[PDB]
């Protein structure tokens, strides 16, 4: 009950998909018939997913930073905005 909910809460904190969470719950309730290989495979898959998303976000971050730094951000007419020009290109 409560401990089970806490377990789930902890998994969600790590971004595990509902599918992986369901699998972790099955291993959790019937440990005598599951192995470290199974649990680690679940962690590893999620780990690869996070590292991949991180790479994507940092890439967007680098572009956004350049767009941001190049624009004066003032009353300057958007007819001359570099951000619009960049997004067009």
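Residue numbers count along the first chain shown, from 1.
- Set 65-73 against 5-13 and average the Cα temperature factors; 5-13 ends up higher.
- The deposited model assigns a higher average Cα B-factor to 17-25 than to the other stretch when 77-85 and 17-25 are compared.
- When the modelled residues of the chain are ordered by their C-alpha B factor, residue 53 lands in the highest third.
- Residue 35: CA B factor lies in the lowest third for its chain, per the PDB record.
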